[PDB]
Each structure stands twice: as C-alpha cells, then as structure tokens.
Amino acid sequence: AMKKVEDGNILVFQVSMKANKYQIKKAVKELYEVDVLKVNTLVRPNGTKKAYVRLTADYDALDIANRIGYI
Amino acid sequence: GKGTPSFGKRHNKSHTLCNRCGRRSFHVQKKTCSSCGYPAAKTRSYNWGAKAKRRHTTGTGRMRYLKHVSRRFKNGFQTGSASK
Amino acid sequence: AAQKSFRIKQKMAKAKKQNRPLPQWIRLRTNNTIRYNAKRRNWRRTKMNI
Amino acid sequence: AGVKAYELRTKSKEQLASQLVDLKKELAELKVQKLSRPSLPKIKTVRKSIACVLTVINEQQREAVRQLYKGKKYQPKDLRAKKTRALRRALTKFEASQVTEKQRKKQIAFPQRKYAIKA
Amino acid sequence: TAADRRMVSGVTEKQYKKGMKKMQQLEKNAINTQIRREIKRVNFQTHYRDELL
Amino acid sequence: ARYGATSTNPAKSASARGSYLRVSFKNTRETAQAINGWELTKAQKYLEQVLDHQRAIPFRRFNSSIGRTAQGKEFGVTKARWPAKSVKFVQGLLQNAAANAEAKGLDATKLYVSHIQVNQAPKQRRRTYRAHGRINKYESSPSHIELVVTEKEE
Amino acid sequence: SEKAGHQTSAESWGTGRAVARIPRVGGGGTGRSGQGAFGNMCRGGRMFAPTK
Amino acid sequence: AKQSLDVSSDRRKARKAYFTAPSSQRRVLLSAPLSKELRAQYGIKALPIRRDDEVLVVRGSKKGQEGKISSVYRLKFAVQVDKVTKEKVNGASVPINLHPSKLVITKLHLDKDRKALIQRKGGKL
RNA sequence: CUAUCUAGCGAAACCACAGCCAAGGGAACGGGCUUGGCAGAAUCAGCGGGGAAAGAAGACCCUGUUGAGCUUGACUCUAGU
RNA sequence: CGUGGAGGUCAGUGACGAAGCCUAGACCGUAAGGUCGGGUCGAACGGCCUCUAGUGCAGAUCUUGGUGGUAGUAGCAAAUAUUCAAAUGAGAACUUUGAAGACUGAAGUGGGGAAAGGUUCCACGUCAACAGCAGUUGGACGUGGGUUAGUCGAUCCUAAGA
RNA sequence: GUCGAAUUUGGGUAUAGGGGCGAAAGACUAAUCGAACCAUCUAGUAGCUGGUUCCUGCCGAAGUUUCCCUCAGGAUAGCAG
RNA sequence: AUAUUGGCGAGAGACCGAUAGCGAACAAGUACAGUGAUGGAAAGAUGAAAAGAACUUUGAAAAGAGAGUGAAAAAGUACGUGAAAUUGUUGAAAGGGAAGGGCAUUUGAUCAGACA
Ligand SMILES: [Zn+2]
C-alpha cells in the first residue's frame, strides 16, 4: 500500500463495514481537509473493508500521509 | 455403479444455512428449515427427541436478558438512584 | 465458488481468523490446563459444511 | 485514568460535545502509532474515556426528557419501569383493593374482631 | 514486523521453538490416539454386497 | 536416565543413548548384537564395511524368510543383511560414547563396547487403505538404544 | 439416574456380522460409534438392577 | 459445633468456596498475625496483609528472616517478601511465595481506612 | 512387468495348545490317546495332499402355539359408494 | 475365607515410611486365604464384635482399553524414461539451474470457466509430523501479504412452479 | 451394442413411506427397498442359543404316572434335601 | 392442606470415586460423522515451590555425557506410585517330530530353626 501512496495519489484506509463510498468520500473531505477524486472498495478476506481513496492531482499523497504520521 | 462412481455426481447442495438457528438445515426447495421450522412461528421441538432439546433449550446460549432477572427479583424490581 | 454470497464470505473470513495456533504466552499462566488449540481446522482434513 | 465522570456532570452540554470530539481525535492518532509501535497501553484509557463521556451525555438527555414528561399521563416506553411483562399487565393496588358497596357495608358493621379464650 | 510482538509479551525466540516442538508433539500423541482406538470399528460396514455366488 | 543390567563398574566406563529413533526395531537389534562385546576400534571399522557391502550383519532372531547370502559365513550363519539406516544410528552413538570416554579421561585405545541393548519405542501410526473400503494400521517400529563402552581392566 | 446408560439409540447389529449380539451405537466418525451400549457388561451401559 | 443452617460442613462446598474465591474475598483469607508488641500496642490478633508492610517469618526454612511485603500475590494465595529471595543457578533472584499465616507483622503500614479499621476492631492509636 | 536378492517403508486374514506316520478303538475318517514305525540345530524358493484350512449362529430340510410379502368364496371388520 | 462402605472397640499401625506393587525368600491353614523378610514407594490404613451391599470371573462370536505370533513377511509391478555436470546442503535416484533424451500431439498432460472447495493463491522463514522410498522441495508446518467496477455478474423481469 | 433420434445432459421445479415413480426387473427412491432413514414407545417378546464369579464338609437324584393345540414346554404324583 | 426428574437459593448422605458417577470432574452436547432429522466421544494427578536443568563438551541438529536444582529426576512438562500381556540386555539351566503336569529320588542352587 506504500507503493500506491508514493506512485499514485492513492491513500489506503481500512474503513468500517457499513460505509458506502459517499461516507468515505465525505469522511476524507472532513477529516483530512482534501479533495477526493474517486473511492474504490473491496472487502478483505479477514472480513474487513479496505478503501482505496484517491486524492486529485494537486493535493499530494505523501504530504497527507506525513501529516497523519505513518510516513 | 451405485457406490463410488455415483458419489461423484454430488455437487449440488439441498440444504443451506438457516437464518434463525444458523446451521445447515434450511431446505431450499421446500423453503423451510428442518431443525427448527423457520418460516413457522414456533420452533420445531418434539418429546421423542429428548436429547435434541438439550442442545437447543434455554441455557445453551448467552441469555443476554434472562440471566439478570433472578438478581432483579431478589432486590425486588426496584428503580431509582442507589445510595450515598 | 467464485461468485459467492456474502453470508458465506462472512463465514470463511471467520474461519480464516480461527485458523491460528495457540498463542505461546497462554501456556505460562498459573492454572493453565490448555496445551494446544484443539478446535483447529485444515482444508485437507475437515471440510466445513457452510 | 484520563477523565472522571464527577468532573463531567458539571460541564455543560456543548462543553462535553467538543470534549468528545477531542477524544476521538486523540483515539484516531493512537491507532496510527499502534501500526508502528507494537504495544500501546494508553489506548485502553482513551477508549474508556469516550465511553465515560457518552454515558454522561446520555445521562443528561434522559434526565431533561424526564422532567419534560413529568406528571403527564403518558411517558415513553424508555422511561417507564422495566418490571416483568406479567407485573405491568397486573392490577394496581387500587384496582385490586376495589370491593363492592355491599361487601364494604359488611366490613364496617361486622369486622373481624380479636378475642381470646379465658375469663 | 510482528516478530517483536513475541519478544515483548512473554515469549522469547528460543522459547517459541522448544514450545512449538512440544506443541506439535502434543497434537501428535492425540492423532496417534485417534488412529489407534478408531481402527477397530472403522471397517465395520453396514450394507456389504458379497460379490460371490 | 537409568541403564540396563550393566555388570561393570561405572568408574572406567562411558555411556551414550538414543531415544525414539525412527529406525526399525528388528534391524537395530541385530545390528547391536553384531557388535556386542567387541573392541571399539574394531567395531567402528567393521560397521562401515557393512555400508560398503562386505561383512554383513548376521540376523539371528528376526530372520524369517530373508534371503541367504555368502557374507554370513564368518559368523556361522546363512542369513545376513546390511541394514543401512540401522548402522548409521549405531555409528552415531559409538562416536558419542567414544567422545565421552575422552571427556572422562579414559583411553580410546583399549575401550570395548561392553553393554549394548535396544528396546521398543512408542509406535507412530499411519493408515493404509485396503480393498473393499477397509482401513488398516501402518505403523513405525522405533527403538531406544543404550550403549556402554569400558576400559579393558584385568 | 433412571436414564443412565439409556441415553444412546443403539440397535443390535444382528448375526451376519462377526461380532456379538449386544446393541451397538450407530453412526460413524467418532470413536464411540460402533461400541456396545445398553447392557451391564458394557462400558457406558447400565448397572444390573439400578438402585431405586 | 455447627448450629445455624446457613453454614455448611461440606468438604467440597468449602473447598470450592476457597479455590474460586474472588480477589476481594481473598483479602481476609490472607490475614496475618501481629507480633507480641503490636498486640499490646494496638490490641488486635490479626490484620489482612498489605503491600509494604514490614514482616517477619516464623515458620518454614526461612524462619526468622525479616523483610518487607513487596507484593500480595492474592491469586496464588501467596505473598512475596523482598530482602529475601532465591538465587537461581542462572543468576536470577526470584522471590519466595510465602503464606500470610506463616508470617508475623512487626511494623505496620499505617494509612487512613486502616487507622479506622483498627479502631473498629477495638484497637488503639 | 512381477516373482527372486538388496536399501527404505511395511500391513492383514487367521490363531485352545500346536504341528512326522501306520493300524487300533473311539461321537462309527486322530496332530495328541494305545501298540508299533522312528526321530538331529537353523533354514531358503516352490507347491497345493492334509490341517474334516479361512469367509457367514445353513441361504436347502424340520421344529417354533416366531414374523412378513402376496392371493382368494378363510374368519372379523373398513374407507368408499 | 475374601472385598466396598457403617456403628463399637483395640487411648491399634504410620514421614524413624501408611496403602500399593514386585519377589523358582520364609511360615501357618485340608482349602478359600492369612502372616513375615527384602526391593520399590510416598499419606494414609488395619485387628476384633456386629451392620450393610452395585461383594469374589477363565469363558458369554462378552464390553472398553492394551499387546502379540503371523512378519521384516504379502507387498510398494497400469498410465512408454530417464541420464550427465554444477550449485545449495550435515546429508541428493528425488530440490534448483544448464546440457541432453523423450512424452501429452490442438475432443492436450494446453489456455479458461459453472458447480463444489475456502486462503489451498503469493513471498519469507522451516522439516517434529504428513507427502505408504527420500527430502534441502511441497497443496505440509510458522509468520505475513493479497481479490479495487457507472459498463463484468448479481440486483430487475418472467418460465415450470412455490 | 447404438451413434440425429422414443437421443445424451446441466441447472430450475414437481411427486415422500403402505406413499412416490415404474417402456414392468418387485426395479428405483442418497453403498438401505417383497415396504427408506432417524428418534421414541422399548431393557418389545421368546416354551429357543450362549454365559452365569470363593473354598471345604455332609446327604444326593431323574428322564417315569396322569392332563394339556401336549410332543425342545408345563401342571401333578414320584425320587431328593 | 395437595403436586413438582424444570427454574432460583440453601442443607445433607451407611451413595459413585475418572472403563465408576450425568453423555460431559478437562475450551462437553466439545471435536467429529450425516444432504437431513439426528448421532456424538476420548480426555483428571510433576513439585511445597518451576527452583522447568545456567555452564562445559561430542553432534549438522534432535539429543547424549557431565554439571546443577530438589527431601527425591528410582518425580525432567513423553512428568504421583507405574501391575500384566508383550519386549530388550545380562545370569542360570534344558532341548533327536511339541511344551506343560502327577508320585519318587539323585544332582546343583537356596532357605532354616526348639537343643541354638
Ligand atoms: Zn433452523
């Protein structure tokens, strides 16, 4: 998932099971004060949900990951 | 052959998971389960299966509400604030 | 199957998390009669009927 | 270990509701450091602190709605008594103590008198 | 790396190896028990055809 | 860690042991009796000639319908074999008992393997699958080994 | 207990098999399924004349 | 002998009410006697043991070894004393699990809610 | 390609105790008993005489005051009409 | 005569070793059985007068558990076939690479899928067990990583039917 | 043997125990069918077969009479303690 | 006043003592088998305390031999005592198509006490 943060503007999160791609696009707007191009979603085989949200071309993914604190 | 060559043609399930007791008994063609009849109101239970009520009666589970009723009776179903 | 329902994917994801040995710090408690994980399934031996 | 509920009853409604968000901010940063540091035992206390806030928020709104329905004929089925279903469908102590006008005239004229046996 | 998760919480790197080798044997005697006891009444069929005469 | 009926003194001895070894019991027994009483320098020379298919191991007790051979003549028997897994586990203990008689101070020039016995370890089960749907046992026959070398006193 | 030993549903195998005529637990996949039941000679069975 | 019908004389009912006692009914189970000065000073026979009490041993192979209560391990029904220990062959010095009955209290870790506790047992200052 | 010999791996059926014959008598066809013939460790590959070899409380026959399938104008009833 | 428990008694025996178990050691009794020495072992147990019974085993194609002889034996023989060097390794008929030799031969031993399985996929460690020889390899063990949809399917509609 | 059809076959659905279904064999109905499987009444009943646990002492039989849907069994008389 | 083999809380026993007592003293209606109704086990004990064997040396390693802990590893997580079947080493003796047993003695081994 670090390859998706560094190459593309793709932030990867583990989201709660009841979220539906509008509650994730709006969460990253409200939590991180950014804009989101597009959210993708899969349900991991350990039964949790993983969301490939994607920042849009002027927000950078490395700066948001460093302000969060997982580098 | 009726044995080993005919056990190879078994790849279509006839029961699936029941929704009210959660075990593979919900028969798909009849659309009714067979350990407890699920589209029925009352659960399926028979006194000829005395053992098969031990596995399913009151007490084999969490008893999320019923385990406190014996304590609430002793104090007398009181309410309100507690104490000092 | 591949195209599967959600209430069997919810069941095989629980079986993934239960496909774990005993944690090794369990064997060090005071009255610890447990010695291994006896409910441990493997897809070769025991099919789960879900 | 962080918050203590006797110091949260005093704080007003909008002070709690901004304290609760400040705990959820701290809780979410702690689930980042857990990804990079194996043990993190402080995360127990922050998770028991948003429960202590939320039980104080709900404590006040149950109380404020109870005096809103105080003395009314009908209050909601969340503020009525959780006695068992057999007790709520039972006669009240006035309804059980209702006797006919003929059986009431008898009890005032010929009551059960107490007495002994010797003279 | 979840290998340090062991090293802070009881278990050592050496204690895991001698612990699992006991543990992988504690399941060995039980499966040797299951094969031995069941081997009497496992050939005991019900509806055998007897392909002779 | 007690041993068999060793009728020698422990002061001039050195011992080794193997337990739950997955060799065959009926072959490691006849290997251990081919070298009983011998000198240690001559048992080690002999036991690796077996691996080169000279000087076979004389099978005496567990020898029903094994094949006859010509290398059994020097023992006065007509049925001998060259068990390879058995001698590799007995060589591994003569090398361990000749390493404990250096650490105890004895001289390896006049050691002799005085007491050596094998036993029966707890078996290890498997299944074999027979005709008409039957299941039968398929077990290993493992063996404990004890071994005592001793200086030749008078 | 009056239902001690009479919990199982064991029916005797008959005589065409090469084992005694005691009632035997039916089924499979457990070690018990095949074993004797319902008797006093059996392990897990009754006692003779259960105390009343 | 027993005279009320609320107390049991059963073996099994009295060992299950010991081995599964909760960790606050184990507080009174782990009482310890006071020395023959504190019984004249305060006036009790025994107090429930507490961490950081100064204590003395009267039974066992560690007899007559003063110390201090370092931890009340009231899960193994044992207490541990520092300044006495057991030096392992590895070099570790694990402590010893004593029982509070085989001790005697010499210096008492006074406190509120223990100053008041001694007073309800008829004690003094 | 097996069998055969070797290295590794390694079961099962079966088994009162077991295993050389002749005649005798015997539950009327003995490996054992009785009288004779005799008889030398350990054994390997074959073999199908014997072990009334193994397989399964005879599937035939008889007995049971034991059943079941089926039939009819058997006895006693019955849905239906 | 022996056994599990009960009332009574011997102010019985016992951590200086009770019960058990072993013993081609001794003694008593017609016998059932009793007593003693030795070895082992570690926490309770006997004599006698009476009470009571879930009380004495060689068998029941007895029940459960355990173990043998057979026996290092029957055998591990369909699907054309393997060989050389090197590397790793304590260890190579069997793992990896290279060099040969071959086979399935486009109704394949190829590439995909529906059922069904459920993490077997993939990497890093590792060989106690499993892979009916082997093992350094593995669909095994240990830890992790991995499945992204406005257009692909479900969802929608009806069929025989529920 | 048949191989373009009374063909073969997937998935869906229908019919369930004295009932189903049958181009008919009493065939098939989950290795079960001249009546499935599971639990219960049930430890069904048996005039029939097998087994029936310590020692010593003293006494010690019967296979016969009569009746019985009686003849592998009972009652009764006998012998015995 | 009466009934109660379920529920809740108590007290008790000429009861059973891990093949017993409930199916279950233990992660037991658990693992596992069956499409399904249903069927359904096995499995308790180191020591007072883990003091669960630091260190040395042989081995590729498991392990071994020392050492050490302990009242005791003839208690080392395969852990109380540890019977028999069956098995190994050592010691004694016997052996022409079985072995075993009964009476009697020779020979070897072994045991013995009133007078000792
Ligand atoms: Zn259901």
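- Its PDB header attributes the entry to cryo-EM and lists the resolution as 3.4 Å.

### Details of the overall build of chain D
- When its secondary structure is counted, chain D shows five helices and zero strands.
- Written out in order from the N terminus, the α and β elements of chain D read α-α-α-α-α.
- Compactness check: chain D gives a C-alpha radius of gyration of 29 Å against a globular reference of 14 Å for 119 residues, more than 25% above the reference.
- The dimensions of chain D, computed from C-alpha atoms along their principal axes, are 95 × 40 × 30 Å.

### Some remarks on the sheet that holds strand β4 (residues 111-118) of chain F
Residue and element names in this part refer to chain F.
- Across the sheet, which stays open at both edges, the three strands sit in the order β1-β7-β4 with antiparallel pairing between neighbours. Across the chains shown, the open sheet's two edge strands, defined by having one partner strand only, are β1 (13-21) and β4. With direction set aside, neighbouring strand axes in the sheet form an average angle of 15°.
- The sheet contact formed by β1 and strand β7 (residues 143-151) spans seven bridges and is antiparallel. Across the sheet, the residue bridging to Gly 18 is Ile 145, located in β7.
- Against the sheet, helix α1 (residues 25-32) touches β4 and β7, its axis set at about 155° to β4.

### Side note on the nonpolar core
- Residues F:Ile35, F:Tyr46, F:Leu47, F:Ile57, F:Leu94, F:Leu147 and F:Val149 are the most contacted members of the largest nonpolar core, which totals 30 residues.
- Those elements that provide at least two residues to this core are β1, α1, α2 (40-47), α3 (84-103), β4 and β7 of chain F.
- For this core, the element with the most residues is α3(F), which contributes six residues.
- Leave out the neighbours within four places in its chain, and F:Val149 touches F:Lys12, F:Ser13, F:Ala14, F:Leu40, F:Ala97, F:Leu111, F:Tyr112, F:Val113 and F:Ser114.
- Counting 23 residues, the second largest nonpolar core, distinct from the first, contains H:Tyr42, H:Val55, H:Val79 and H:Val81.

### As for the coordination of the zinc ion
All names here are of chain B.
- Summarising the metal site, the zinc ion is bound by the protein donors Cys 18 (SG), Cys 21 (SG) and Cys 33 (SG), whose distances to it range over 2.4 Å.
- When the donors of the zinc ion are listed by position in the chain, the intervening gaps give C-x2-C-x11-C.
- According to the relative accessible area criterion, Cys 21 is partly exposed, its value standing at 33%.

### Topic: the protein's contact with RNA strand K
- The full set close to RNA strand K counts 17 residues, and B:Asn12, B:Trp48, G:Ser9, G:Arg21 and G:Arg46 are the nearest of them.
- Restricting the count to atoms of RNA strand K within 4 Å of the protein gives a sugar and phosphate share of 56%.
- Take B:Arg10: an N or O atom from its side chain is 3.5 Å from a base nitrogen of RNA strand K.
- A distance of 2.3 Å separates a phosphate oxygen of RNA strand K from a polar atom in the side chain of B:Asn12.
- Split by residue class, the surface near RNA strand K holds three nonpolar, 10 polar and four charged.

### Remarks on the protein's contact with RNA strand I
- With respect to spatial proximity, 27 residues lie near RNA strand I, and among them F:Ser65, F:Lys137, F:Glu139, F:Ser140 and G:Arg17 are the closest.
- The sugar-phosphate portion of RNA strand I accounts for 87% of its atoms within 4 Å of the protein, the bases making up the rest.
- One nitrogen or oxygen atom from the side chain of F:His53 is found 3.3 Å from a sugar or linking oxygen belonging to RNA strand I.
- In terms of residue class, the surface near RNA strand I is made up of seven nonpolar, nine polar and 11 charged.

### Overview of the sheet that holds strand β1 (residues 10-15) of chain A
All names here are of chain A.
- Pairing is antiparallel in the open sheet, where three strands are placed in the order β1-β3-β2. Two strands bound the open sheet, and with one partner strand each, they are β1 and β2 (36-43). Neighbour-to-neighbour, the strand axes of this sheet turn through a mean angle of 20°, independent of strand direction.
- When β2 meets strand β3 (residues 49-55), the two strands line up antiparallel, connected through seven bridges. Residue pairing for β3: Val 36 is matched across the bridge by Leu 55.
- Taken strand by strand, helix α3 (residues 61-68) contacts β1 and β3, and its axis lies near 45° from that of β1.

### Examining the domain arrangement of chain D
All names here are of chain D.
- Structurally, chain D comprises domain 1 (1-73) and domain 2 (74-119).
- At the junction of the two partners, domain 1 supplies six residues and domain 2 supplies five residues.
- In this assembly, domain 1 packs against domain 2 so that about 580 Å² is buried in total across both faces, 56% of it on carbon and sulfur atoms.
- At the surface where domain 1 touches domain 2, the tally comes to one salt bridge.
- Across the salt bridge formed by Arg 62 and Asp 78, the nearest N and O atoms sit 2.5 Å from each other.
- Summed over the shared surface of domain 1 and domain 2, the number is one residue pair in polar contact.
- Looking at the side of domain 1 that touches domain 2 residue by residue, the classes come out as two nonpolar, no polar and four charged.

### Some thoughts on the packing of α1(F) against α3(F)
All names here are of chain F.
- At a minimum axis separation of 9 Å, α1 and α3 run at an interaxial angle of 55°. In terms of orientation, α1 lies oblique with respect to α3. Like other packed secondary-structure pairs, α1 and α3 cross with a definite hand, here right-handed. Between α1, through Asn 27, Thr 28 and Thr 31, and α3, the contact on the second element is made entirely by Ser 86, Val 87 and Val 90.
- By residue class, the composition of the contact of α1 with α3 is two nonpolar, four polar and no charged.

What counts as what
- Residues numbered from 1 in each chain as written, not as in the entry; some residues may be left out.
- Chains lettered and ligands numbered in written order.
- Part of a larger assembly, values for the part shown.
- Heavy atoms only, no water.
- Residues with missing side-chain atoms left out of burial classes, pairs and counts.
- Helix = DSSP H or I, 4+ residues; strand = E, 2+ residues; numbered from the N terminus.
- Rg over C-alpha atoms; globule rule 2.2 N^0.38 Å.
- Pairing = 2+ DSSP bridges.
- Axes fitted to C-alpha atoms, helices over the stretch in contact; angles between N-to-C directions.
- Contact = heavy atoms within 4.5 Å.
- Core = buried A, V, L, I, M, F, W, Y, C linked by side-chain atoms within 4.5 Å.
- Buried < 20%, exposed > 50% of the residue type's maximum accessible area, 1.4 Å probe, protein only.
- Donors = N, O, S within 2.8 Å, 3.2 Å for Na, K, Ca; no water.
- Near = heavy atom within 4 Å.
- Polar contact = N/O pair within 3.5 Å; in protein donor to acceptor, adjacent residues only side chain to side chain.
- Nonpolar A, V, L, I, M, F, W, Y, C, P; charged D, E, K, R; others polar.
- Domains from an automatic or database assignment.
- Buried area = accessible area lost by both parts, 1.4 Å probe.
- Salt bridge = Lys/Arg side-chain N within 4 Å of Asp/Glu carboxyl O.
- Parallel < 35°, antiparallel > 145°, perpendicular 65-115°, else oblique.
- Left-handed = near helix turned anticlockwise from the far one by under 90°.

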